[PDB]
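With TSV, C-alpha atoms inside, this is data-v5.tsv:
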chain	number	residue	atom	x	y	z
A	1	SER	CA	120.51	88.46	114.16
A	2	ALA	CA	117.85	87.71	116.83
A	3	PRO	CA	115.63	84.60	116.44
A	4	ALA	CA	112.09	84.76	115.11
A	5	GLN	CA	109.68	86.00	117.79
A	6	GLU	CA	105.93	85.66	118.01
A	7	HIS	CA	104.13	88.90	118.79
A	8	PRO	CA	100.93	87.84	120.57
A	9	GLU	CA	98.82	90.65	119.18
A	10	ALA	CA	99.58	92.89	116.25
A	11	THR	CA	97.51	94.45	113.49
A	12	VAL	CA	98.40	93.90	109.82
A	13	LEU	CA	97.11	95.89	106.86
A	14	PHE	CA	97.15	95.18	103.12
A	15	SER	CA	96.30	97.72	100.42
A	16	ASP	CA	95.91	97.34	96.63
A	17	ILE	CA	95.04	99.43	93.54
A	18	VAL	CA	91.47	99.17	92.38
A	19	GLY	CA	91.11	98.30	88.69
A	20	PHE	CA	94.82	97.72	88.30
A	21	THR	CA	94.60	95.24	85.45
A	22	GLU	CA	92.22	97.72	83.76
A	23	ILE	CA	94.59	100.68	84.28
A	24	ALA	CA	97.43	98.57	82.95
A	25	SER	CA	95.09	97.73	80.13
A	26	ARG	CA	95.62	101.16	78.64
A	27	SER	CA	99.20	101.82	79.73
A	28	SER	CA	102.77	100.62	79.17
A	29	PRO	CA	103.98	98.20	81.86
A	30	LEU	CA	106.73	100.69	82.70
A	31	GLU	CA	104.05	103.37	82.76
A	32	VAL	CA	102.07	101.32	85.26
A	33	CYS	CA	105.03	100.49	87.26
A	34	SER	CA	105.96	104.05	87.79
A	35	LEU	CA	102.30	104.69	88.69
A	36	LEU	CA	102.68	101.97	91.27
A	37	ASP	CA	105.98	103.48	92.51
A	38	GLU	CA	104.43	107.00	92.74
A	39	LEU	CA	101.62	105.79	94.98
A	40	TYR	CA	104.20	103.83	97.00
A	41	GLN	CA	106.20	106.97	97.60
A	42	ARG	CA	103.16	108.88	98.81
A	43	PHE	CA	102.55	106.09	101.35
A	44	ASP	CA	106.17	106.06	102.45
A	45	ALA	CA	106.12	109.86	103.01
A	46	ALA	CA	102.79	109.80	104.85
A	47	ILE	CA	104.13	106.94	106.98
A	48	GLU	CA	106.89	109.32	108.19
A	49	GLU	CA	104.22	110.49	110.63
A	50	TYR	CA	103.38	106.95	111.86
A	51	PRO	CA	106.59	105.59	113.47
A	52	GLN	CA	105.05	102.59	115.18
A	53	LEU	CA	104.27	101.25	111.66
A	54	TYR	CA	106.34	98.87	109.50
A	55	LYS	CA	105.72	98.61	105.72
A	56	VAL	CA	106.83	96.30	102.94
A	57	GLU	CA	105.94	96.62	99.23
A	58	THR	CA	105.13	93.02	98.28
A	59	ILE	CA	105.44	90.77	95.23
A	60	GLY	CA	101.93	90.96	93.76
A	61	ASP	CA	101.81	94.77	94.29
A	62	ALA	CA	100.14	94.72	97.71
A	63	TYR	CA	101.44	97.34	100.12
A	64	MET	CA	101.73	95.82	103.55
A	65	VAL	CA	101.87	97.60	106.95
A	66	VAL	CA	102.20	96.15	110.47
A	67	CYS	CA	101.85	97.56	114.00
A	68	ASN	CA	103.09	96.27	117.32
A	69	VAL	CA	105.85	94.07	115.82
A	70	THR	CA	108.42	96.80	115.35
A	71	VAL	CA	107.69	98.66	118.58
A	72	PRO	CA	105.08	97.62	121.21
A	73	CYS	CA	101.76	99.49	121.17
A	74	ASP	CA	98.53	97.83	122.27
A	75	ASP	CA	97.00	100.91	120.68
A	76	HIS	CA	98.06	99.28	117.33
A	77	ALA	CA	94.68	98.64	115.76
A	78	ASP	CA	93.76	102.28	116.14
A	79	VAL	CA	96.99	103.80	114.90
A	80	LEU	CA	97.06	101.39	111.96
A	81	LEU	CA	93.44	102.23	111.14
A	82	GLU	CA	93.94	105.97	111.03
A	83	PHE	CA	96.89	105.38	108.70
A	84	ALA	CA	94.47	103.36	106.54
A	85	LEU	CA	92.42	106.52	106.15
A	86	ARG	CA	95.54	108.57	105.32
A	87	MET	CA	96.32	105.94	102.66
A	88	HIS	CA	92.95	106.52	101.05
A	89	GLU	CA	93.32	110.30	100.64
A	90	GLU	CA	96.96	109.89	99.63
A	91	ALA	CA	95.71	107.52	96.93
A	92	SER	CA	93.67	110.34	95.36
A	93	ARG	CA	96.71	112.65	95.41
A	94	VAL	CA	98.15	110.43	92.65
A	95	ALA	CA	95.74	110.43	89.71
A	96	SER	CA	96.10	108.17	86.67
A	97	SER	CA	93.69	108.08	83.73
A	98	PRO	CA	92.47	109.24	89.81
A	99	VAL	CA	93.54	106.23	91.88
A	100	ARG	CA	91.53	104.21	94.35
A	101	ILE	CA	92.71	101.51	96.73
A	102	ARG	CA	91.12	98.66	98.64
A	103	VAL	CA	92.35	98.17	102.28
A	104	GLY	CA	91.98	95.16	104.61
A	105	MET	CA	93.06	94.80	108.25
A	106	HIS	CA	93.13	91.89	110.72
A	107	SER	CA	94.47	91.40	114.28
A	108	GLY	CA	96.13	88.32	115.84
A	109	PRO	CA	99.44	86.59	116.64
A	110	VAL	CA	102.25	87.42	114.16
A	111	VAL	CA	105.66	85.74	113.84
A	112	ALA	CA	108.49	87.99	112.74
A	113	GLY	CA	112.13	87.37	111.89
A	114	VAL	CA	114.89	87.30	109.29
A	115	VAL	CA	115.18	84.87	106.33
A	116	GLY	CA	117.92	84.70	103.67
A	117	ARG	CA	121.71	85.03	104.04
A	118	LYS	CA	123.43	87.02	101.21
A	119	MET	CA	120.02	88.65	100.67
A	120	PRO	CA	118.15	88.82	104.03
A	121	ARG	CA	114.69	90.14	104.53
A	122	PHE	CA	112.38	90.79	107.47
A	123	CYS	CA	109.66	88.30	107.49
A	124	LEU	CA	106.13	88.56	108.69
A	125	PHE	CA	104.46	85.19	109.06
A	126	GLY	CA	101.33	83.29	110.06
A	127	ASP	CA	97.54	83.05	109.89
A	128	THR	CA	97.04	86.66	110.91
A	129	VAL	CA	99.11	87.90	107.90
A	130	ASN	CA	97.24	85.57	105.52
A	131	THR	CA	93.81	86.58	106.65
A	132	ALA	CA	94.60	90.31	106.50
A	133	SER	CA	95.45	89.58	102.87
A	134	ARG	CA	92.01	88.12	102.06
A	135	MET	CA	90.54	91.07	103.99
A	136	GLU	CA	91.97	93.35	101.40
A	137	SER	CA	91.23	91.18	98.38
A	138	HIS	CA	87.68	90.52	99.62
A	139	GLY	CA	87.15	94.15	100.64
A	140	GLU	CA	85.41	96.97	98.81
A	141	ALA	CA	86.87	99.58	96.49
A	142	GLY	CA	87.42	102.97	98.15
A	143	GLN	CA	86.74	101.42	101.58
A	144	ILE	CA	88.40	99.78	104.59
A	145	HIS	CA	87.49	96.17	105.30
A	146	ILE	CA	88.33	95.32	108.98
A	147	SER	CA	87.87	91.95	110.74
A	148	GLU	CA	86.10	91.26	114.06
A	149	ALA	CA	89.45	90.42	115.76
A	150	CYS	CA	90.64	93.89	114.70
A	151	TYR	CA	87.43	95.81	115.55
A	152	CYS	CA	87.69	94.57	119.16
A	153	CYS	CA	91.39	95.50	119.56
A	154	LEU	CA	90.41	99.10	118.96
A	155	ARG	CA	90.93	101.02	122.22
A	156	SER	CA	88.77	103.87	120.86
A	157	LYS	CA	85.85	102.45	118.87
A	158	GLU	CA	83.96	105.61	119.48
A	159	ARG	CA	85.57	108.02	117.05
A	160	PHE	CA	85.72	105.85	113.95
A	161	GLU	CA	82.05	105.13	113.27
A	162	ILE	CA	81.87	101.56	111.99
A	163	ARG	CA	78.32	100.54	111.11
A	164	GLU	CA	78.42	98.31	108.04
A	165	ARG	CA	79.02	94.65	108.78
A	166	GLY	CA	80.08	92.10	106.27
A	167	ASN	CA	81.44	88.65	106.09
A	168	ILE	CA	84.40	86.92	104.58
A	169	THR	CA	85.17	83.26	104.04
A	170	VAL	CA	88.63	82.96	102.44
A	171	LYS	CA	88.61	79.13	102.21
A	172	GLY	CA	90.87	78.54	105.17
A	173	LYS	CA	88.10	78.60	107.74
A	174	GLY	CA	84.36	79.13	108.04
A	175	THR	CA	82.89	82.61	107.90
A	176	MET	CA	84.10	85.52	110.03
A	177	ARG	CA	82.34	88.79	110.72
A	178	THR	CA	83.86	91.95	109.28
A	179	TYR	CA	83.16	95.72	109.35
A	180	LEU	CA	83.40	98.25	106.57
A	181	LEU	CA	84.54	101.80	106.92
A	182	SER	CA	84.12	104.44	104.28
A	183	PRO	CA	86.58	107.33	104.24
A	184	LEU	CA	84.18	110.10	103.22
B	1	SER	CA	120.19	102.83	91.16
B	2	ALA	CA	119.17	102.27	87.56
B	3	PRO	CA	115.52	102.78	86.67
B	4	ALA	CA	113.05	100.01	86.08
B	5	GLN	CA	113.56	97.91	82.93
B	6	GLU	CA	111.23	95.66	81.04
B	7	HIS	CA	112.86	92.28	80.39
B	8	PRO	CA	111.06	90.94	77.26
B	9	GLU	CA	111.50	87.31	78.17
B	10	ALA	CA	112.12	85.77	81.53
B	11	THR	CA	110.79	82.80	83.46
B	12	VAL	CA	109.18	83.05	86.92
B	13	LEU	CA	108.71	80.15	89.31
B	14	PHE	CA	106.59	80.05	92.49
B	15	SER	CA	106.72	77.26	95.02
B	16	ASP	CA	104.48	76.47	97.96
B	17	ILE	CA	104.35	73.83	100.65
B	18	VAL	CA	101.50	71.38	100.14
B	19	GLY	CA	98.94	71.06	102.97
B	20	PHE	CA	100.68	73.70	105.04
B	21	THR	CA	97.51	74.24	107.00
B	22	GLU	CA	97.50	70.55	108.00
B	23	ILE	CA	101.06	70.97	109.26
B	24	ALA	CA	100.50	74.26	111.07
B	25	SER	CA	97.23	73.33	112.72
B	26	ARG	CA	98.78	70.30	114.30
B	27	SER	CA	101.79	72.09	115.77
B	28	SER	CA	103.16	75.48	116.78
B	29	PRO	CA	103.61	78.68	114.70
B	30	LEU	CA	107.19	79.33	115.84
B	31	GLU	CA	107.99	75.70	114.95
B	32	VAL	CA	106.28	75.66	111.62
B	33	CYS	CA	108.12	78.80	110.92
B	34	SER	CA	111.30	76.96	111.52
B	35	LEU	CA	110.05	74.28	109.16
B	36	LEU	CA	109.66	77.04	106.57
B	37	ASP	CA	113.11	78.53	107.16
B	38	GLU	CA	114.63	75.00	107.04
B	39	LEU	CA	113.19	74.52	103.60
B	40	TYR	CA	114.34	78.00	102.52
B	41	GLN	CA	117.90	77.35	103.62
B	42	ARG	CA	117.95	74.15	101.56
B	43	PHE	CA	116.60	75.98	98.51
B	44	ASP	CA	119.08	78.82	99.22
B	45	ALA	CA	121.97	76.33	99.43
B	46	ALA	CA	121.07	74.50	96.18
B	47	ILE	CA	120.57	77.75	94.32
B	48	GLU	CA	124.22	78.80	94.67
B	49	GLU	CA	124.87	76.19	91.96
B	50	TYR	CA	122.41	78.08	89.76
B	51	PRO	CA	123.98	81.58	89.49
B	52	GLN	CA	121.61	82.58	86.64
B	53	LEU	CA	118.75	82.38	89.19
B	54	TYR	CA	117.57	85.04	91.58
B	55	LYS	CA	115.26	84.02	94.52
B	56	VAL	CA	112.83	85.85	96.85
B	57	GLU	CA	111.02	84.36	99.80
B	58	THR	CA	107.68	86.19	99.62
B	59	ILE	CA	105.38	87.71	102.25
B	60	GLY	CA	102.74	85.00	101.82
B	61	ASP	CA	105.38	82.13	102.23
B	62	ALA	CA	105.86	81.39	98.51
B	63	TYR	CA	109.46	80.79	97.40
B	64	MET	CA	109.96	82.70	94.14
B	65	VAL	CA	112.73	82.40	91.55
B	66	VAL	CA	113.30	84.26	88.32
B	67	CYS	CA	115.63	83.75	85.35
B	68	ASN	CA	116.87	86.18	82.77
B	69	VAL	CA	116.22	89.22	84.80
B	70	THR	CA	119.55	89.51	86.56
B	71	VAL	CA	122.17	87.68	84.45
B	72	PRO	CA	121.48	87.16	80.76
B	73	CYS	CA	120.51	83.54	80.23
B	74	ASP	CA	119.06	82.37	76.98
B	75	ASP	CA	117.95	78.90	78.11
B	76	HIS	CA	116.23	80.55	81.11
B	77	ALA	CA	113.20	78.22	81.13
B	78	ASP	CA	115.58	75.23	80.91
B	79	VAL	CA	117.77	76.31	83.83
B	80	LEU	CA	114.80	77.24	86.00
B	81	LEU	CA	112.84	74.02	85.17
B	82	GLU	CA	115.96	72.14	86.22
B	83	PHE	CA	116.18	74.05	89.45
B	84	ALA	CA	112.48	73.20	90.03
B	85	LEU	CA	113.32	69.48	89.93
B	86	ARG	CA	116.05	70.32	92.42
B	87	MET	CA	113.59	72.06	94.73
B	88	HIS	CA	111.39	68.98	94.80
B	89	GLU	CA	114.48	67.00	95.85
B	90	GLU	CA	115.57	69.46	98.55
B	91	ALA	CA	111.98	69.30	99.85
B	92	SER	CA	112.05	65.52	100.34
B	93	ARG	CA	114.98	65.89	102.75
B	94	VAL	CA	112.90	67.98	105.21
B	95	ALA	CA	110.41	66.37	107.64
B	96	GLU	CA	106.44	62.97	107.26
B	97	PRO	CA	108.26	64.46	104.29
B	98	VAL	CA	107.38	67.83	102.90
B	99	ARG	CA	105.86	68.13	99.48
B	100	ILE	CA	105.82	71.20	97.25
B	101	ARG	CA	103.66	72.53	94.50
B	102	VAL	CA	105.63	74.41	91.87
B	103	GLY	CA	104.30	76.62	89.01
B	104	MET	CA	106.18	78.39	86.14
B	105	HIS	CA	105.41	80.85	83.41
B	106	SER	CA	107.43	82.94	80.92
B	107	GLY	CA	106.99	86.44	79.51
B	108	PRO	CA	108.08	90.05	79.99
B	109	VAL	CA	108.80	91.15	83.58
B	110	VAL	CA	109.43	94.67	84.74
B	111	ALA	CA	112.26	94.82	87.24
B	112	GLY	CA	113.54	97.73	89.33
B	113	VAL	CA	113.96	98.99	92.89
B	114	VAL	CA	111.21	100.33	95.15
B	115	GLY	CA	111.58	102.05	98.52
B	116	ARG	CA	114.17	104.43	100.01
B	117	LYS	CA	115.41	103.79	103.55
B	118	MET	CA	114.61	100.15	102.79
B	119	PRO	CA	114.89	99.44	99.08
B	120	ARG	CA	113.59	96.20	97.60
B	121	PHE	CA	114.28	94.64	94.21
B	122	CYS	CA	110.88	94.48	92.64
B	123	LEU	CA	109.55	92.12	90.08
B	124	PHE	CA	106.30	93.17	88.61
B	125	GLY	CA	103.74	92.25	86.09
B	126	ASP	CA	101.37	89.93	84.51
B	127	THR	CA	104.06	87.31	84.02
B	128	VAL	CA	104.76	87.14	87.75
B	129	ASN	CA	101.08	87.04	88.60
B	130	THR	CA	100.47	84.26	86.08
B	131	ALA	CA	103.44	82.15	87.31
B	132	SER	CA	101.86	82.39	90.80
B	133	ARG	CA	98.56	81.10	89.41
B	134	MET	CA	100.51	78.28	87.75
B	135	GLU	CA	101.54	77.28	91.27
B	136	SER	CA	98.08	77.69	92.96
B	137	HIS	CA	96.49	75.85	90.03
B	138	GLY	CA	99.12	73.10	89.90
B	139	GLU	CA	99.42	69.73	91.62
B	140	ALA	CA	101.16	68.51	94.82
B	141	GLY	CA	104.56	66.92	94.06
B	142	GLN	CA	104.61	68.23	90.50
B	143	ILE	CA	105.68	71.15	88.37
B	144	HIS	CA	103.04	72.97	86.43
B	145	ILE	CA	104.10	75.07	83.53
B	146	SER	CA	102.36	77.24	81.06
B	147	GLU	CA	102.46	76.77	77.31
B	148	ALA	CA	104.49	79.98	77.07
B	149	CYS	CA	107.08	78.50	79.35
B	150	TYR	CA	107.08	75.24	77.37
B	151	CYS	CA	107.73	77.19	74.31
B	152	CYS	CA	110.68	78.97	75.75
B	153	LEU	CA	112.20	75.70	76.82
B	154	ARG	CA	115.09	75.05	74.40
B	155	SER	CA	115.65	71.45	75.35
B	156	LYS	CA	112.10	70.11	75.35
B	157	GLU	CA	113.64	66.69	75.00
B	158	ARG	CA	115.59	66.62	78.28
B	159	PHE	CA	112.38	66.72	80.40
B	160	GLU	CA	109.48	64.28	80.75
B	161	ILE	CA	106.88	67.01	80.28
B	162	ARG	CA	103.28	65.77	79.77
B	163	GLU	CA	100.57	67.95	78.32
B	164	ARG	CA	97.92	68.62	80.92
B	165	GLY	CA	95.48	70.43	78.69
B	166	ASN	CA	93.24	73.49	78.88
B	167	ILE	CA	92.40	74.73	82.34
B	168	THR	CA	90.82	78.02	83.22
B	169	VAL	CA	93.06	80.15	85.40
B	170	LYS	CA	91.73	82.87	87.75
B	171	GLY	CA	91.73	86.20	85.91
B	172	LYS	CA	93.29	84.70	82.84
B	173	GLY	CA	90.69	82.63	81.01
B	174	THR	CA	91.73	79.40	79.29
B	175	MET	CA	95.38	78.43	79.36
B	176	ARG	CA	97.14	75.33	78.05
B	177	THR	CA	99.45	73.84	80.65
B	178	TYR	CA	101.95	71.02	81.14
B	179	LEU	CA	103.10	68.89	84.02
B	180	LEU	CA	106.41	67.39	85.00
B	181	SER	CA	106.83	64.85	87.81
B	182	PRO	CA	110.16	64.58	89.70
B	183	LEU	CA	111.67	61.30	91.10

For the structure just supplied, provide its representation as structure tokens.
Amino acid sequence: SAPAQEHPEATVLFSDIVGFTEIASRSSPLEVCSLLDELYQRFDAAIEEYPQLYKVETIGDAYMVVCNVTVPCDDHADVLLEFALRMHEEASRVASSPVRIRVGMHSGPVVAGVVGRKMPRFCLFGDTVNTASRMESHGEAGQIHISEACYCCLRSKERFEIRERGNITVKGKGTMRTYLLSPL
Amino acid sequence: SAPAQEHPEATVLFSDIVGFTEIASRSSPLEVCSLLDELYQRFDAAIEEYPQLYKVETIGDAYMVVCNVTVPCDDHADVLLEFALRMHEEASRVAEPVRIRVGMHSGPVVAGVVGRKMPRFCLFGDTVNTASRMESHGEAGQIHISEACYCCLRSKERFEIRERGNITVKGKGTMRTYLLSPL
């Protein structure tokens, strides 16, 4: 199995259910798990249309997606970002007791490779991955929180319409600029 | 595959490298990654002696182990606490030396498979989230365990567990916790 490689510029997304602990508040844990799995399967079937993208369902419930690590792209930020929008509408296709997500993206260097022996897994590693994770957990319900590194990697700023700025700290650095994007 | 199941009592352990940012900043990402995989292979080698245990190296870098979800194991907190002392040992033979922060908690865990073309064994719930918080809220070079996990421990007397006390834990409110130092 090939060694770990460092992709100089890829775009990583995280997504998470809004009000999950509250939804699980009034449901069985097996009820909420199959609610999680249902939403996962809608993402996996919408991601049929986005081949450049790689996704892993993560411990903690976050859905992760990556672009330009599987296949090269350059266009990655843009393709990933449109998929973010698809995620949002596919989130409302699976109601509960309807479902909203929070999405974060970030662009940067990403190390990828295999860990484990009997039980191997593809691994996505580094500061880019970690920051994209705070992007999502510091982002806004129903919206798409994207970093400055990611905004700039867009090859087609002009058809997305990103006006709202924000910030994020995250504790690992100072304060970075971010952009919000509603999907309405 | 069999559907998801709720296991009414299991123990979950998360481990993290202490000051990873200090290590990464002052060297390369492909190298630090090798540091990480070095550690994992040592964990992965020690854990073959602990067949009750199932491990998962997680997307954020945390090494995660669970007991009583795969093979029935009634002293699941005991076995896993013991493996946590082992992890601290395996960590001190990686380079100076690497230190880890370990956290543990016990409770119900849902387990099942998610995904199709690439299925994943999934461990899900409040117990897993809390165990993770036991790690983030713990202490470098030590093992930090919840009261629930102390309770499930059958052989309280085999470990030098000290009561830490009441700390507040993100999302959880007040929890009573315990520490155990290796060495």

**Request:** Report as JSON, numbers by chain the set of chain B residues whose atoms approach chain A to within 9 Å, with distances computed over all atoms listed in the file.
**Result:** {"B": [4, 5, 6, 21, 29, 30, 33, 34, 37, 40, 41, 44, 56, 57, 58, 59, 60, 61, 109, 110, 114, 115, 116, 118, 120, 122, 123, 124, 125, 126, 128, 129]}

Sel. within 10 Å of pt (103.9, 96.7, 122.2), counting only C-alpha atoms, output as a CSV table (one decimal) with C-alpha atoms, in the frame of the given file:
chain,number,residue,atom,x,y,z
A,7,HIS,CA,104.1,88.9,118.8
A,8,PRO,CA,100.9,87.8,120.6
A,9,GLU,CA,98.8,90.6,119.2
A,10,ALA,CA,99.6,92.9,116.2
A,52,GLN,CA,105.0,102.6,115.2
A,67,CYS,CA,101.8,97.6,114.0
A,68,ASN,CA,103.1,96.3,117.3
A,69,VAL,CA,105.8,94.1,115.8
A,70,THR,CA,108.4,96.8,115.4
A,71,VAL,CA,107.7,98.7,118.6
A,72,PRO,CA,105.1,97.6,121.2
A,73,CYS,CA,101.8,99.5,121.2
A,74,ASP,CA,98.5,97.8,122.3
A,75,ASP,CA,97.0,100.9,120.7
A,76,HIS,CA,98.1,99.3,117.3

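Minimum atom-to-atom distances from B:84, B:161, B:145, B:79 to residue B:106 were compared using all atoms listed in the file, and the lowest value belongs to B:145.
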
**Asked** Which neighbours of residue A:104 fall inside 7 Å, counting all atoms listed in the file, when residues of the same chain fewer than 4 positions from it are skipped, and could you give them as a ChimeraX atom specification?
**Response** /A:13-15,132-133,135-136,139,144-146

**Request:** Would you kindly return, as a PyMOL selection string, each protein, DNA or RNA residue with an atom no farther than 8 Å from any atom of residue B:18, considering only C-alpha atoms and excluding same-chain residues fewer than 2 positions away?
**Result:** chain B and resi 16+20+98-101+140

**Prompt:** Which value, in Å to one decimal, gives the distance between atom CA of residue B:147 and atom CA of residue B:89?
**Reply:** 24.2 Å

**Prompt:** For residue A:87, which of A:164, A:148, A:16, A:140 is the closest residue, counting only C-alpha atoms?
**Reply:**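 Using only C-alpha atoms, residue A:87 sits closest to A:16.
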
**Asked** In Å, how far is it from atom CA of residue B:102 to atom CA of residue B:9?
**Response**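 Atom CA of residue B:9 lies at a distance of 19.7 Å from atom CA of residue B:102.
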
**Prompt:** Which is closer to residue A:97 than all the others in A:177, A:26, A:42, A:171, using all atoms listed in the file?
**Reply:** A:26

**Asked** So what do you get for atom CA of residue A:49 versus atom CA of residue A:93, distance-wise?
**Response**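 Between these atoms lies a distance of 17.1 Å.
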